[PDB]
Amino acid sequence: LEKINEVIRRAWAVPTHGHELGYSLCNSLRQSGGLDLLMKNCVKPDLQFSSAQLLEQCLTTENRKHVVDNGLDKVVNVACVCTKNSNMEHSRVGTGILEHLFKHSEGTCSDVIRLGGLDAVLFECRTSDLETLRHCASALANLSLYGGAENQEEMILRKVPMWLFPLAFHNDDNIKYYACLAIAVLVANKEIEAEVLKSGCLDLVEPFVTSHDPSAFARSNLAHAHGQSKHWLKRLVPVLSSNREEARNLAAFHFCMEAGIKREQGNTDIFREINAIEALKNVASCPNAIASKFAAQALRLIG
């Protein structure tokens, strides 16, 4: 339905308030039975794209759980269908859906891979469309954060690091940023560390974080103007104490950006719940000047 699709997009677009408005509208879609209807219509050829178009915008934390419990196979399939359509409007929708389905759990990451979702993302990594590539880089970051060790062998077998490096060197800041985040998360796997160190992608972090204001970057893309979920950030906390100094810097930069976003929402309480305060205080007093200043700024913004 075009009217609901426009309501939710307009809601997400509201600076500051959009997080709470979109959250509520997406919960309403589930409670009214609309989400179940979308999932049933996403296998009907005439209704697939319109259904997928709306699904891509409503895969919040609680709706991701609903999809996993009631019809993951159907939603993964419509996403794959969209990546094989000649229209770039479709490819963006399909990769966007897959991007969000990688933000639920280790087991769900395994099922999405099993059903071909990762194959579709990697296929689209060879496109030139910026929006699609942004979805791809974000999807691989999410998979790196949520996949767990059980999915790290599969990424190695499929040479996911190889696919990430060209995205890390992309000139677009959003493609580069989330490709680097995925790399910074994957270097915790020593098998992947050697390939990362060989690539030199981690050398891109220091120029980026020192040349980008966290707040301004938070406004660079409507798709992430409200930051990430608490469960996404919970999984990023371990990178604040990563082996690689470059990874700690990027994680510290991100939490500084998120602190500013959550401050303007009034949601700084999430950092205490995910046990990020003590991790940030640890960084705020460490000798790493770059990560230390970002972590200190974050704590001030949390208040």
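Sequential numbering from 1, following the sequence displayed.
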Of 290-298 and 20-28, the stretch whose C-alpha atoms average the higher B-factor in the entry: 290-298
- line: Mean Cα B-factor check, 221-229 vs 79-87, entry values; winner is 79-87
task: Have a look at 104, 74, 190, 134 and flag the one whose Cα has the highest B-factor in the entry.
output: 190
Largest Cα B-factor, entry values, listed residues 143, 202, 112, 175: 202
message: Please say which third, lowest, middle or highest, residue 181 falls into when its CA temperature factor is compared across its chain.
response: middle
message: Which third, lowest, middle or highest, does the C-alpha temperature factor of residue 272 belong to within its own chain?
response: highest
task: Consider only the C-alpha atoms of the modelled residues in this chain, order them by B-factor as the entry records it, and name the third containing residue 116: lowest, middle or highest.
output: lowest
message: By the recorded C-alpha temperature factor, relative to the other modelled residues in its chain, which third is residue 242 in?
response: highest
message: How does the C-alpha B factor of residue 124 compare with the rest of the chain: lowest, middle or highest third?
response: middle
